[PDB]
Amino acid sequence: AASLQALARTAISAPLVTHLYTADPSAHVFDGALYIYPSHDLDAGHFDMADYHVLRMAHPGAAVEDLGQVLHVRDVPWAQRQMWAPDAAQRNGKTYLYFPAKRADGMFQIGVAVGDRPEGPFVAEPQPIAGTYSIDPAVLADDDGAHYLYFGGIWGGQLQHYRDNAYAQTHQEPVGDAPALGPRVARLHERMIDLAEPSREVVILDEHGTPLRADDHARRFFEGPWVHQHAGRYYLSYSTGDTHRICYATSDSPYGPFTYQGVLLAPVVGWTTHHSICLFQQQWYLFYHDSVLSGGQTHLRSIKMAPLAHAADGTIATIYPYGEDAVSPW
Ligand SMILES: O[C@@H]1[C@@H](O)[C@H](O)OC[C@H]1O
Ligand SMILES: [Ca+2]
């Protein structure tokens, strides 16, 4: 109402684009430029996305280019609907677009599409990646040359229906003192369109080295994992869903276990929160989204960016998207 107008006035970022609704930004530096692979929210006059665009910043501070639509669900034979939060990777001169979509039978899986350029167009594989399920893929290009796929989202994302990579209708989200579910991780094969191994659960620990509890909604994993490397450590960051933050944890291994550190992003306007963290020349950035452009509509978002800093001790200061003095939307 007027509480949202206050946030709009003190927002630290403006929508990087406004001619289309965008969400779940996955930022990468490919071929000397910053490419962003977001979802494309559609306004039906309800997360029913059907296609993906690719955005680019040629250099820091540059205007954002909309490189156009690069993949539509009609060219994904195994998928019926809901083209959700994607990501990209490069290897052997190819660019791969990883995306979650829903099969006709209602189950999410992660597919991949291949192109010869970062802007595509991408030709989707006929089937989804074997061993994948749930949503929100993130592909880490490790400094050592390997690529790792991270995925998972609870609630609507369906990760709660799986244990040890197998689906069960009676599998539900854990409660109380039971450990909360973590994202999945699997090294990718050199061909990039297949996993090189079955995925494993990524464990997030508290200050005492104990796994996060299911009843710890302030810190336990909800959706949208992202991993970046900095100062010899792996940083796992993710959304907490119902508590609306992007939190992060650290490990000396891409597989974890990751020890919880703190909140990386405070609550944004709109129920969902999703992000990526990417180094572009002289600056790390947090890419995120909110629903301010749409007037607070959770399903119609816009992506944003902000400078991010690692402190000398490796920690990352909380980013307040409408200022630290703002009344939090959640
Ligand atoms: O993947 C995103 C998902 O994490 C969120 O739940 O809803 C929007 C999707 O785009
Ligand atoms: Ca993501």
Side-chain angles (χ1 to χ4, degrees), residues 11-30 32-41 49 52-67 70 84-90 95 97-100 118-119 135-141 150 153 222-230 235-240 244-248 263-270 272-294 300-310 316-322:
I12 78 179
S13 311
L16 291 171
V17 282
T18 57
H19 59 285
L20 84 167
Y21 287 113
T22 57
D24 318 314
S26 281
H28 291 263
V29 168
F30 292 150
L34 180 98
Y35 288 85
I36 310 169
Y37 302 83
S39 301
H40 180 192
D41 288 338
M49 309 97 87
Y52 297 122
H53 284 234
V54 178
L55 313 174
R56 178 175 63 206
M57 289 178 64
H59 52 257
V64 171
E65 326 167 50
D66 182 349
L67 296 184
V70 305
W84 289 9
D87 199 8
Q90 292 194 321
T95 304
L97 184 59
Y98 300 82
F99 64 98
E119 62 261 51
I135 54 173
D136 291 2
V139 175
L140 165 67
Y150 298 84
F222 189 92
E223 73 200 348
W226 181 271
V227 178
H228 76 270
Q229 285 184 280
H230 172 74
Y235 290 72
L236 169 69
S237 49
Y238 54 89
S239 162
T240 63
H244 312 265
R245 338 152 187 194
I246 301 300
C247 285
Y248 76 108
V263 177
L264 188 146
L265 182 64
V268 294
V269 166
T272 76
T273 185
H274 209 99
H275 81 303
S276 62
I277 294 167
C278 180
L279 177 59
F280 195 18
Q281 300 187 8
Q282 296 174 269
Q283 183 65 56
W284 284 97
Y285 296 94
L286 174 70
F287 291 77
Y288 61 106
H289 71 238
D290 67 23
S291 293
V292 169
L293 176 63
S294 70
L300 304 175
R301 305 163 282 192
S302 81
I303 69 162
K304 298 179 156 185
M305 70 193 295
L308 174 151
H310 292 89
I316 304 175
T318 308
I319 302 186
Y320 291 88
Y322 315 103

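Throughout, numbering of the chain's residues begins at 1 and tracks the sequence. What you see below is based on every heavy atom in this structure, not just the backbone, and it leaves out hydrogens, waters and symmetry mates.
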Measuring from atom [atom1] of [X] to atom [atom2] of [Y], what distance do you get when rounded to the nearest 0.5 angstrom?
X    : Y    : atom1 : atom2 : answer
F287 : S13  : CZ    : OG    : 10.0 Å
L265 : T318 : CG    : OG1   : 8.5 Å
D136 : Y238 : CG    : OH    : 14.5 Å
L20  : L300 : CG    : CG    : 11.0 Å
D290 : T273 : CG    : OG1   : 9.0 Å
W84  : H274 : CH2   : NE2   : 11.0 Å

Heavy atoms, side chains only, cut-off 4.5 Å: are [X] and [Y] in contact?
X    : Y    : result
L67  : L55  : no
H275 : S237 : yes
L34  : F280 : yes
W284 : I316 : no
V17  : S302 : no
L264 : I277 : yes
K304 : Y288 : yes
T18  : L293 : yes

Inset, instruction - May I ask you to decide if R245's main-chain N or O and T240's side chain share a donor-acceptor pair within less than 3.5 Å? - result: yes
Inset, instruction - Taking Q283 for its side chain and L308 for its backbone only, find out whether a donor-acceptor pair lies under 3.5 Å. - result: yes
Legend entry - Validation row, ring centre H19 to ring centre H53 under 6.0 Å: no
Inset, instruction - Determine, using ring centers only, whether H40 and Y52 are less than 6.0 Å apart. - result: no
Legend entry - For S39, all residues meeting side-chain hydrogen bond (donor to acceptor under 3.5 Å, both in side chains), sequence neighbours excluded: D24
Inset, instruction - Could you tell me which residues satisfy side-chain hydrogen bond (donor to acceptor under 3.5 Å, both in side chains) with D41, sequence neighbours excluded, listed by chain and number? - result: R301
Legend entry - Under the ring-ring contact (aromatic ring centres under 6.0 Å, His included) test, residues paired with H28 that sit two or more places apart: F30, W226
Legend entry - Flag if over 12 foreign heavy atoms under 6.0 Å of CD, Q282: no
